[PDB]
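Everything on this sheet refers to the single structure shown next.
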């Protein structure tokens with residue numbers, strides 16, 4: 200029963216780990232979505248020149 | 002105007018002729034509410050700073066108070082007394098006596114509003130248009146749609162402008178910036194500019210939403226095509242050839 | 200008549216510059232806020248002090264430009280194997296060369 | 249290791265960099281390389297008495 204309980208706790212632990220990996224990923228992609236929009240502000244109409 | 006009670010603003014700015022609650026959470030301002038019930042119900046609402054020191058400090062107050070005849074004043078005495086205000090007009094806080102609690106003199110009723118009510122009520126209509134375009138696109142700020150029944154069927158442009166200014170929710174400092182202005186005509190310019198800025202933020206939300214879906218598609222299919230190409234490379238006998246001194 | 204039309208256009212465009220400034224203000228809030236929250240205290244305020252300093256470090260124009268480009272290629276790497284440290288030491292060099 | 253910096257006497261610069269590498273902590277300490285190298289620099293510094 201003890202090793203049942205430790206397996207339950209480590210299963211919930213890697214569950215929380217995976218959920219944090221995913222949530223961090225969505226926040227990282229949101230960060231890069233903010234990040235894209237400064238070099239394109241700088242990069243404008245060089246091409247016609 | 003007559004050392005009327007300074008009952009502070011708890012994260013609000015009380016605008017002329019709109020109902021917005023005022024309570025107490027301290028005995029100090031409860032004594033201002035006691036003289037509000039004692040000086041025959043004409044109080045002097047002064048804005049205090051972002052989150053208040055537990056005593057009203059002299060650095061708390063700001064220049065423009067508002068004149069408010071108390072509509073309702075509930076007695077729930079445990080340190081909280083629901084003294085309601087539907088204000089009359091703003092005024093400049095002339096001086097301040099340092100407390101606790103603080104006294105303040107204030108200017109007379111602001112009953113001066115400019116001429117050409119045709120252009121001002123066209124601006125009222127345009128502000129109604131912009132607030133319809135704002136709330137129907139900003140449900141995202143947990144905004145409400147009974148705030149647009151509170152603009153239709155009324156003839157006071159002051160009550161109208163204060164209705165759209167408060168029910169377009171933002172920080173206390175910008176409502177105080179609205180409370181700075183004595184003109185009827187530039188106050189709607191202020192509200193329109195702030196809502197145009199926040200619709201620009203809604204457009205920002207749109208473009209970063211587009212970019213987030215783009216990043217999902219690009220990074221996933223890049224991983225997809227990399228493992229495509231490397232499976233192809235391990236199908237070929239170019240796995241043999243990569244040996245030089247190994248060879 | 201044309202002068203008052205120019206008055207209204209200038210007032211609306213000053214409001215537009217305010218809206219773009221406040222949009223950029225929120226975006227800078229989010230870039231520093233995420234690289235504080237999803238970063239290591241902005242690498243002990245490295246990005247903050249440098250974006251302050253690119254102004255403060257008097258430089259020529261294209262050099263200021265390239266410095267902001269160093270700013271833009273970062274704000275995603277401060278744990279990093281060189282991808283942090285290469286642009287961090289290069290920002291630190293071209294701040295500490297006397298112009 | 250948060251208590252450690254004012255548990256052990258320091259010079260000002262060692263104190264301040266110890267506070268710095270304290271600040272980069274308090275997350276996952278098994279991966280995430282800013283945290284583990286902050287923990288190592290916090291140990292290798294703050295366990296030097298002064």
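Residue numbers (the authors' numbering), protein chains in the order written: chain C, 200 to 248; chain A, 2 to 248; chain D, 200 to 298; chain E, 249 to 298. Ideal Cβ placement from N, Cα and C applies to all residues, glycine included.
- Contact fails between the stretch 237-245 of chain C and the stretch 27-41 of chain A, because fewer than three Cβ pairs, one in each stretch, are under 8 Å apart.
- Not one beta carbon of chain E lies nearer than 8 Å to the beta carbon of residue 257 (chain D).
- Here residue 230 (chain C) carries a helix assignment [DSSP, helix/strand/coil].
- Straight across, the Cα-Cα distance linking residue 173 (chain A) with residue 181 (chain A) is about 12 Å.
- Here DSSP, grouped into helix, strand and coil, assigns residue 158 (chain A) to helix.
- With a threshold of 8 Å between beta carbons, residue 240 (chain C) makes no contact with chain A.
- Only those residues of the stretch 225-252 of chain D whose C-beta falls short of 9 Å from the nearest C-beta of chain E are listed: 238, 239, 240, 242 and 243.
- Among the residues of chain C, those whose CB is under 9 Å from the CB of residue 271 (chain D) are 234, 237, 238 and 241, following chain order.
- Between residue 249 (chain E) and residue 219 (chain C), the alpha-carbon positions lie close to 25 Å from each other.
- With fewer than 16 other Cβ atoms from the protein chains shown falling within 10 Å of its own Cβ, residue 113 (chain A) counts as exposed.
- Between residue 268 (chain E) and chain D, the shortest Cβ-Cβ separation is below 8 Å.
- Taking 8 Å as the CB threshold, residue 297 (chain E) stays off the interface with chain D.
- Counting only the Cα atoms, residue 46 (chain A) lies some 46 Å from residue 268 (chain E).
- Think of a sphere of 9 Å around the beta carbon of residue 209 (chain A): the chain C residues whose beta carbon falls inside it are 229, 232, 233, 235 and 236, in chain order.
- For residue 212 (chain A), the nearest beta carbon of chain C is closer than 8 Å to its own beta carbon.
- When C-alpha distances from residue 215 (chain A) are compared across C:245, C:235, C:205 and C:204, the shortest belongs to C:235.
- Residue state for residue 87 (chain A) is assigned as strand, using DSSP reduced to three classes.
- With 16 or more other Cβ atoms from the protein chains shown falling within 10 Å of its own Cβ, residue 125 (chain A) counts as buried.
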